[PDB]
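**Q** This one's experimental. Sequence and coordinates below.
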Amino acid sequence: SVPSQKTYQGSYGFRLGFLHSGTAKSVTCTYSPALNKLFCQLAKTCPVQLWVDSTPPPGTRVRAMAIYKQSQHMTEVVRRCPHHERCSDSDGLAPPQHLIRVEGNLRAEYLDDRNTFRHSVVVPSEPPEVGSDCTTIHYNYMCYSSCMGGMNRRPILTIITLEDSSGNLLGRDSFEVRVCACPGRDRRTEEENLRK
Ligand SMILES: CCn1c2ccc(CNC)cc2c2ccc(-c3cscn3)cc21
Ligand SMILES: [Zn+2]
């Protein structure tokens, strides 16, 4: 009923990484290590790095799923709001209900769980491009945290799982997400609040 969010590096040493994008008013996506929280604008590119200490097998996959952070809402499926699920902004692959999309990966697959009704998007694990030290997946979040009838200002977490070809767990990481109009300003505010 509630997927695990326990960090788990597993046998391959799996974990996420994030760019250092700053907090200027014009930034479209920025990650706060002190809050373990990503702030991004609606439907904008969010680069998420994948790191491992050793090479996983061919057919390893990487899945992303959103859940509500608060206890009283964890059982509710995170989905796009009644407006955005009907705004015909499909990319041809992502179902219009899904909050999380993968940008620019034709091997992305979108799951509606037959049992939990939860949504997820999964791509094959790939080695870094020649000359890079990690692999990057580009995610888009397709509703605002504030969207009425949808997330309705409730905070969410993204859970990233490394999986084998059967879907068995190999590694797990997670981060909070706020989809908002001004990520740089809101990251500065929430970090100030944390210190105060
Ligand atoms: C998880 C992304 N990633 C890395 C990230 C980071 C690194 C470390 N670079 C210093 C290596 C890999 C890596 C190697 C192989 C595969 C792979 C082969 S067949 C399927 N997936 C994937 C890899
Ligand atoms: Zn919405």
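**A** Happy to help now that I have it. Numbering: from 1, shown residues only. Ligands and ions are numbered 1, 2, ... in the order given.

**Q** Report the contact partners of the residue nearest the centre of the chain.
**A** Computing the C-alpha centroid of the chain and ranking residues by Cα atoms, centre = their mean puts residue 158 first, at 4.2 Å. Residues near residue 158 by Cβ atoms under 8 Å, 6 or more residues apart in numbering: 38, 64, 65, 66, 100, 139, 174, 175, 176, 177. C-betas here are computed from N, CA, C, even on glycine.

**Q** Briefly note if the strand ranked longest in the chain comes near ligand 2.
**A** Longest strand of the chain, by residue count under DSSP state E: strand 169-179. No: against ligand 2, strand 169-179 shows no contacts by Cβ under 5 Å from the ion, the least distance being 8.8 Å.

**Q** and stretch 99-109, how far out from the chain's middle?
**A** 11 Å (Cα atoms, centre = their mean, to the nearest Å).

**Q** For residue 17, state which of the contacts of residue 158 is nearest.
**A** residue 175 (10.8 Å; Cβ to Cβ).

**Q** Test my guess that the closest one contacts residue 7.
**A** No: in this structure, residue 175 is not within contact of residue 7 by Cβ atoms under 8 Å, at 10.4 Å.

**Q** so where do the helices sit in this protein?
**A** For the chain, applying DSSP state H gives helices covering 183-195.

**Q** Noted, bye for now.
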